[PDB]
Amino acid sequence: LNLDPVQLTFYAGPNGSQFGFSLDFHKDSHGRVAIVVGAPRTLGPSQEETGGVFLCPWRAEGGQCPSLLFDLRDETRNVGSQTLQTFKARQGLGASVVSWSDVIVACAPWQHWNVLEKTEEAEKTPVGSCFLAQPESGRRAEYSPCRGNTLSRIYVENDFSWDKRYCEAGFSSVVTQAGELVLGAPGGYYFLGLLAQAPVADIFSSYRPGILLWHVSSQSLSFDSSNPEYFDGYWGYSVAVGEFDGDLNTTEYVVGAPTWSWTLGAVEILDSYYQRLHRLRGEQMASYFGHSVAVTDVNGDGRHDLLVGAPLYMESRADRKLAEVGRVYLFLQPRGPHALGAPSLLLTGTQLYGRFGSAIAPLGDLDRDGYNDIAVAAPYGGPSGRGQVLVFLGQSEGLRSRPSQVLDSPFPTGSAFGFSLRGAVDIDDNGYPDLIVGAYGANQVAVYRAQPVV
């Protein structure tokens, strides 16, 4: 409603770095809000695509940002009559970023890893890795829970049970308010998908450089399965956290699995011990229900609500024809201990191949009426196919079925405007929360400031 679509702020990075693939707000130790931006195809030292992370200070004019430096050299350790190898070429550093307190977490979901023992090997595979930084202090640390030193032959004997070689940890990420980092790994357990949790503080105290394989005892990984419903389900494609069991001392996890049960797609809500509390199944196959998940209380009852994006849902139209437009589902948490029922609201895109619901960002309370609001991305929507971001406002009964404001892409065709979103933070300190939009196709990030209501 009250986002300013006239005077935008533009940040930008190198040509072809996919600057804007992922973004989040970052408050330093003094509370000064900055923007951290992931550019997963930034060139490294060897002039090879490695990805990179930028930390953008708030300036109404915008412009270029300084890099948040990480080590980009491949590592090798000859220990225990084995050889450990990390390969950072095309690792995609910055494919997801997230901030918590004065710490930044950026991940390289396609960092490869292999172990050599004489003639055998573990196989060179993308375990993924996340990098952690405290920009003010210069502290650095890594976390790579799916690295292993088990050889290829062993996995064959046990029928590839507990195979963490292709996790792609850091594909999606989130941090609980208590400081527990949660990594989605859609390739873990032979593309069933897994989650990895570990306190940030214990990631720093247990990391030393050059070790490559180290223990983090306070960590917790989800579990393999023999159920074919979970096969190739990419469990961990998207992740979020919320409060869904009534116990405020426990934090619950929300996980998207958009190819669950033979591309039906599903979203599950779990406790911190990965025990299943509810499961929302997809409405239509290959709709990618679960591509994106968002948690926020939209109807002002103190109970977090769930939003799920199916950017490929095909809407039924006249003459028995179908049109891929995308769809967003709203689930209102009921009073006390009860299951989340049918969707309270169905939001369906309009533009063909617009992928309405590819990204869903909690905005906070935008118009300051007492109900939290959201933004929904249609990165190839709008009449021109350039991309659109749609705002929907909260209300006592959920959300308004029609948008209050529509943000047309100020970038050229193919920018993927809206592919990444983040709101609910006041960056210019004017009392109203603001929105940042990513267009990695144009290598830029647009900042929309919220103004008093007209």
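Residue indices: 1-based, along the sequence shown.
Stretches 301-309 and 335-343 differ in mean C-alpha B factor, with the higher average recorded for 335-343. The PDB entry reports B-factors from which the mean C-alpha value can be compared for 82-90 and 357-365; the larger average falls on 82-90. When the C-alpha B-factors of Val115, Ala377, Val325, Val239 are ranked from the entry, the top spot goes to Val115. Per the PDB record, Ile203 has a higher Cα B-factor than any other of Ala257, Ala294, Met314, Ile203. Annotation for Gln219: C-alpha temperature factor in the highest third relative to the rest of the modelled chain, per the entry. Remark: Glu283 belongs to the middle third of its chain, ranked by C-alpha B-factor as recorded. In this PDB entry, the Cα temperature factor of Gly128 sits in the middle third of its chain's modelled residues.
Annotation for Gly44: C-alpha temperature factor in the highest third relative to the rest of the modelled chain, per the entry.
Per-chain ranking of the deposited C-alpha B factor places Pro403 in the middle third.
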